[PDB]
Each structure stands twice: as structure tokens, then as C-alpha cells.
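Since the structure comes first, as C-alpha cells, the remarks are kept for the end.
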Number of protein chains: 2
Amino acid sequence: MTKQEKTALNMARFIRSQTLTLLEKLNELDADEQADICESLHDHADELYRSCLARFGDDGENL
Amino acid sequence: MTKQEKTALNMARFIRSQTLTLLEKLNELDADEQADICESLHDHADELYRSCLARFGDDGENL
């Protein structure tokens, strides 16, 4: 339906975004450390996302 | 100490709880696979909290 399915898909996609902006802020605080861990989180945020696309991959009914 | 440390810390802690709510709700939204990954993401997000508590040692969720 591309409805709620995308909503969940948006949440996972959103966390990835927070992790991106997190990377940023961490770099501001010379948090090299947290930055690495943040990119790993970035990927895993996508692990959630891509998988949310595996299920909610009905992104197409909306034209 | 500096509120920036606090904001960073809070975003890590945020993603942890956020992802928590996604594990359950996506599970409920029949997206258990995403729930699984949300569990790993749940604590991986917390890795930033841990590392932020290390580098910053800044906490104090209050106004």
C-alpha cells in the first residue's frame, strides 16, 4: 500500500539520518571514537532500513 | 559537561530508545525481521551512548 509500510521504512531511514548528523556533531567534539562507532551505527541503521525495504519494499503503488 | 556533550550523549541515548520502540512496534506491524535488526541497532546505538559517556562523561538529563 506504500502507506504505513513506508512509515516504518521512514523511521529506519530516519535513524540513519540521525546517525549521519550524529557523525557530524561527534566530529565537532573530536569524538573520532564515537565517529567510527557512529558510522558502524550508520550502516546498521541501514541494516534496519534495507531490511525494512525487504519487507516494505512495496514502494511503487505510489505513482 | 558542555551542553554539546550532553546533546551528543542524548542523541545516542535517543536512538537507543527510538530503536527500542521500533523493535516492538515493527514486530507488531509484522516486521519481526526488522525487529531483530532493531535489537542489534538498539544496543549498537547505545554503543554511542557508552563511548559518549567515556569521552564526555557528561550526563544529567534535566532542565
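Here's how to read the names in the C-alpha cells: chain A, B, ... by the order shown, residue numbers from 1 in each chain, ligand numbers from 1 in the order shown.
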Mind checking DSSP for chain A and telling me the helix (DSSP H, G or I) residues as a PDB file with N, CA and C atoms, in the first residue's frame?
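Full text of out_29.pdb as output:
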```pdb
ATOM      1  N   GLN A   4       1.571   2.789   5.593  1.00  0.00           N
ATOM      2  CA  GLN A   4       2.306   2.575   6.869  1.00  0.00           C
ATOM      3  C   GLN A   4       3.610   1.859   6.624  1.00  0.00           C
ATOM      4  N   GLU A   5       3.603   1.081   5.588  1.00  0.00           N
ATOM      5  CA  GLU A   5       4.815   0.323   5.243  1.00  0.00           C
ATOM      6  C   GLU A   5       5.948   1.316   5.047  1.00  0.00           C
ATOM      7  N   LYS A   6       5.618   2.405   4.416  1.00  0.00           N
ATOM      8  CA  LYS A   6       6.671   3.410   4.181  1.00  0.00           C
ATOM      9  C   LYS A   6       6.926   4.148   5.466  1.00  0.00           C
ATOM     10  N   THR A   7       5.938   4.224   6.304  1.00  0.00           N
ATOM     11  CA  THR A   7       6.178   4.956   7.561  1.00  0.00           C
ATOM     12  C   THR A   7       7.291   4.236   8.328  1.00  0.00           C
ATOM     13  N   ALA A   8       7.172   2.944   8.450  1.00  0.00           N
ATOM     14  CA  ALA A   8       8.229   2.212   9.194  1.00  0.00           C
ATOM     15  C   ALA A   8       9.534   2.388   8.447  1.00  0.00           C
ATOM     16  N   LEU A   9       9.419   2.286   7.158  1.00  0.00           N
ATOM     17  CA  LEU A   9      10.617   2.427   6.294  1.00  0.00           C
ATOM     18  C   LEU A   9      11.206   3.821   6.497  1.00  0.00           C
ATOM     19  N   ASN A  10      10.360   4.743   6.852  1.00  0.00           N
ATOM     20  CA  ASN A  10      10.848   6.130   7.055  1.00  0.00           C
ATOM     21  C   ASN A  10      11.528   6.205   8.388  1.00  0.00           C
ATOM     22  N   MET A  11      11.049   5.442   9.326  1.00  0.00           N
ATOM     23  CA  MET A  11      11.695   5.502  10.660  1.00  0.00           C
ATOM     24  C   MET A  11      13.109   4.983  10.560  1.00  0.00           C
ATOM     25  N   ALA A  12      13.257   3.841   9.959  1.00  0.00           N
ATOM     26  CA  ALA A  12      14.633   3.289   9.851  1.00  0.00           C
ATOM     27  C   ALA A  12      15.493   4.251   9.057  1.00  0.00           C
ATOM     28  N   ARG A  13      14.913   4.763   8.012  1.00  0.00           N
ATOM     29  CA  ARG A  13      15.684   5.704   7.166  1.00  0.00           C
ATOM     30  C   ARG A  13      16.005   6.944   7.983  1.00  0.00           C
ATOM     31  N   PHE A  14      15.111   7.275   8.861  1.00  0.00           N
ATOM     32  CA  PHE A  14      15.329   8.489   9.677  1.00  0.00           C
ATOM     33  C   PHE A  14      16.450   8.266  10.662  1.00  0.00           C
ATOM     34  N   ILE A  15      16.458   7.127  11.290  1.00  0.00           N
ATOM     35  CA  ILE A  15      17.542   6.897  12.267  1.00  0.00           C
ATOM     36  C   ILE A  15      18.862   6.965  11.536  1.00  0.00           C
ATOM     37  N   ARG A  16      18.889   6.475  10.332  1.00  0.00           N
ATOM     38  CA  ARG A  16      20.180   6.545   9.609  1.00  0.00           C
ATOM     39  C   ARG A  16      20.555   8.017   9.530  1.00  0.00           C
ATOM     40  N   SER A  17      19.589   8.816   9.187  1.00  0.00           N
ATOM     41  CA  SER A  17      19.869  10.263   9.080  1.00  0.00           C
ATOM     42  C   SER A  17      20.368  10.808  10.415  1.00  0.00           C
ATOM     43  N   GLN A  18      19.745  10.411  11.490  1.00  0.00           N
ATOM     44  CA  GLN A  18      20.218  10.945  12.790  1.00  0.00           C
ATOM     45  C   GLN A  18      21.655  10.519  12.985  1.00  0.00           C
ATOM     46  N   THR A  19      21.941   9.312  12.602  1.00  0.00           N
ATOM     47  CA  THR A  19      23.319   8.825  12.773  1.00  0.00           C
ATOM     48  C   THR A  19      24.255   9.637  11.883  1.00  0.00           C
ATOM     49  N   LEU A  20      23.756  10.095  10.774  1.00  0.00           N
ATOM     50  CA  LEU A  20      24.652  10.879   9.890  1.00  0.00           C
ATOM     51  C   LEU A  20      24.929  12.163  10.651  1.00  0.00           C
ATOM     52  N   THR A  21      23.881  12.861  10.970  1.00  0.00           N
ATOM     53  CA  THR A  21      24.066  14.133  11.695  1.00  0.00           C
ATOM     54  C   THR A  21      24.784  13.878  13.023  1.00  0.00           C
ATOM     55  N   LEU A  22      24.727  12.663  13.485  1.00  0.00           N
ATOM     56  CA  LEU A  22      25.400  12.373  14.768  1.00  0.00           C
ATOM     57  C   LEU A  22      26.878  12.371  14.453  1.00  0.00           C
ATOM     58  N   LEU A  23      27.216  11.728  13.371  1.00  0.00           N
ATOM     59  CA  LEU A  23      28.642  11.647  12.957  1.00  0.00           C
ATOM     60  C   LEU A  23      29.171  13.069  13.003  1.00  0.00           C
ATOM     61  N   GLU A  24      28.428  13.939  12.384  1.00  0.00           N
ATOM     62  CA  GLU A  24      28.837  15.362  12.336  1.00  0.00           C
ATOM     63  C   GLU A  24      29.161  15.913  13.714  1.00  0.00           C
ATOM     64  N   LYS A  25      28.140  15.969  14.519  1.00  0.00           N
ATOM     65  CA  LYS A  25      28.303  16.540  15.885  1.00  0.00           C
ATOM     66  C   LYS A  25      29.431  15.869  16.646  1.00  0.00           C
ATOM     67  N   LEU A  26      29.593  14.604  16.418  1.00  0.00           N
ATOM     68  CA  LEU A  26      30.678  13.907  17.139  1.00  0.00           C
ATOM     69  C   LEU A  26      31.988  14.444  16.628  1.00  0.00           C
ATOM     70  N   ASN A  27      32.052  14.665  15.351  1.00  0.00           N
ATOM     71  CA  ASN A  27      33.332  15.186  14.813  1.00  0.00           C
ATOM     72  C   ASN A  27      33.571  16.563  15.380  1.00  0.00           C
ATOM     73  N   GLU A  28      32.517  17.262  15.692  1.00  0.00           N
ATOM     74  CA  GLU A  28      32.728  18.617  16.260  1.00  0.00           C
ATOM     75  C   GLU A  28      33.452  18.450  17.584  1.00  0.00           C
ATOM     76  N   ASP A  32      36.418  11.210  17.542  1.00  0.00           N
ATOM     77  CA  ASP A  32      36.871  10.276  16.470  1.00  0.00           C
ATOM     78  C   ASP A  32      36.305   8.907  16.781  1.00  0.00           C
ATOM     79  N   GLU A  33      36.441   8.598  18.025  1.00  0.00           N
ATOM     80  CA  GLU A  33      35.974   7.317  18.590  1.00  0.00           C
ATOM     81  C   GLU A  33      34.517   7.100  18.236  1.00  0.00           C
ATOM     82  N   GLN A  34      33.721   7.928  18.833  1.00  0.00           N
ATOM     83  CA  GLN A  34      32.264   7.823  18.607  1.00  0.00           C
ATOM     84  C   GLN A  34      31.965   7.965  17.132  1.00  0.00           C
ATOM     85  N   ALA A  35      32.850   8.589  16.409  1.00  0.00           N
ATOM     86  CA  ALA A  35      32.567   8.757  14.966  1.00  0.00           C
ATOM     87  C   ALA A  35      32.661   7.401  14.307  1.00  0.00           C
ATOM     88  N   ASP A  36      33.668   6.644  14.637  1.00  0.00           N
ATOM     89  CA  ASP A  36      33.759   5.307  13.977  1.00  0.00           C
ATOM     90  C   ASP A  36      32.525   4.515  14.311  1.00  0.00           C
ATOM     91  N   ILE A  37      32.329   4.426  15.589  1.00  0.00           N
ATOM     92  CA  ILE A  37      31.163   3.672  16.094  1.00  0.00           C
ATOM     93  C   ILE A  37      29.900   4.227  15.432  1.00  0.00           C
ATOM     94  N   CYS A  38      29.910   5.502  15.179  1.00  0.00           N
ATOM     95  CA  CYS A  38      28.704   6.107  14.557  1.00  0.00           C
ATOM     96  C   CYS A  38      28.558   5.630  13.130  1.00  0.00           C
ATOM     97  N   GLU A  39      29.638   5.489  12.419  1.00  0.00           N
ATOM     98  CA  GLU A  39      29.475   5.012  11.026  1.00  0.00           C
ATOM     99  C   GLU A  39      29.030   3.569  11.079  1.00  0.00           C
ATOM    100  N   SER A  40      29.521   2.852  12.039  1.00  0.00           N
ATOM    101  CA  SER A  40      29.086   1.445  12.128  1.00  0.00           C
ATOM    102  C   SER A  40      27.588   1.467  12.434  1.00  0.00           C
ATOM    103  N   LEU A  41      27.190   2.468  13.165  1.00  0.00           N
ATOM    104  CA  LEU A  41      25.751   2.566  13.514  1.00  0.00           C
ATOM    105  C   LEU A  41      25.010   2.993  12.276  1.00  0.00           C
ATOM    106  N   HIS A  42      25.691   3.780  11.504  1.00  0.00           N
ATOM    107  CA  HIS A  42      25.074   4.296  10.257  1.00  0.00           C
ATOM    108  C   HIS A  42      24.733   3.102   9.394  1.00  0.00           C
ATOM    109  N   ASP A  43      25.702   2.248   9.237  1.00  0.00           N
ATOM    110  CA  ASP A  43      25.461   1.042   8.402  1.00  0.00           C
ATOM    111  C   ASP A  43      24.371   0.211   9.009  1.00  0.00           C
ATOM    112  N   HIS A  44      24.506  -0.077  10.267  1.00  0.00           N
ATOM    113  CA  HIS A  44      23.453  -0.904  10.909  1.00  0.00           C
ATOM    114  C   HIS A  44      22.118  -0.194  10.885  1.00  0.00           C
ATOM    115  N   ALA A  45      22.153   1.101  10.770  1.00  0.00           N
ATOM    116  CA  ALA A  45      20.858   1.818  10.746  1.00  0.00           C
ATOM    117  C   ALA A  45      20.301   1.444   9.403  1.00  0.00           C
ATOM    118  N   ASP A  46      21.200   1.286   8.477  1.00  0.00           N
ATOM    119  CA  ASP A  46      20.727   0.898   7.135  1.00  0.00           C
ATOM    120  C   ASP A  46      20.374  -0.574   7.198  1.00  0.00           C
ATOM    121  N   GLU A  47      21.056  -1.366   7.978  1.00  0.00           N
ATOM    122  CA  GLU A  47      20.671  -2.805   8.003  1.00  0.00           C
ATOM    123  C   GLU A  47      19.199  -2.856   8.338  1.00  0.00           C
ATOM    124  N   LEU A  48      18.812  -1.987   9.218  1.00  0.00           N
ATOM    125  CA  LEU A  48      17.381  -1.986   9.576  1.00  0.00           C
ATOM    126  C   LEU A  48      16.601  -1.511   8.358  1.00  0.00           C
ATOM    127  N   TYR A  49      17.056  -0.429   7.795  1.00  0.00           N
ATOM    128  CA  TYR A  49      16.365   0.167   6.613  1.00  0.00           C
ATOM    129  C   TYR A  49      16.235  -0.768   5.419  1.00  0.00           C
ATOM    130  N   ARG A  50      17.339  -1.198   4.884  1.00  0.00           N
ATOM    131  CA  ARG A  50      17.294  -2.118   3.724  1.00  0.00           C
ATOM    132  C   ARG A  50      16.374  -3.289   4.055  1.00  0.00           C
ATOM    133  N   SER A  51      16.438  -3.772   5.261  1.00  0.00           N
ATOM    134  CA  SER A  51      15.544  -4.903   5.598  1.00  0.00           C
ATOM    135  C   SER A  51      14.110  -4.395   5.652  1.00  0.00           C
ATOM    136  N   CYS A  52      13.951  -3.167   6.047  1.00  0.00           N
ATOM    137  CA  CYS A  52      12.570  -2.632   6.095  1.00  0.00           C
ATOM    138  C   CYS A  52      12.131  -2.525   4.653  1.00  0.00           C
ATOM    139  N   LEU A  53      13.075  -2.445   3.763  1.00  0.00           N
ATOM    140  CA  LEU A  53      12.692  -2.344   2.335  1.00  0.00           C
ATOM    141  C   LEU A  53      12.494  -3.773   1.868  1.00  0.00           C
ATOM    142  N   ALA A  54      13.113  -4.698   2.539  1.00  0.00           N
ATOM    143  CA  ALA A  54      12.928  -6.102   2.090  1.00  0.00           C
ATOM    144  C   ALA A  54      11.475  -6.456   2.313  1.00  0.00           C
ATOM    145  N   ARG A  55      10.953  -5.971   3.401  1.00  0.00           N
ATOM    146  CA  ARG A  55       9.532  -6.269   3.705  1.00  0.00           C
ATOM    147  C   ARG A  55       8.636  -5.207   3.093  1.00  0.00           C
TER     148      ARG A  55
END
```
Q.
With all C-alpha atoms matched in order and chain A superposed on chain B by least squares, what's the RMSD to one decimal?
A.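 It is 2.6 Å.
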Q: Can you work out which one of A:62, A:31, A:2, A:57 has the shortest atom-to-atom distance to chain B, counting only C-alpha atoms?
A: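 Checking each candidate against chain B, we get A:31 as the closest.
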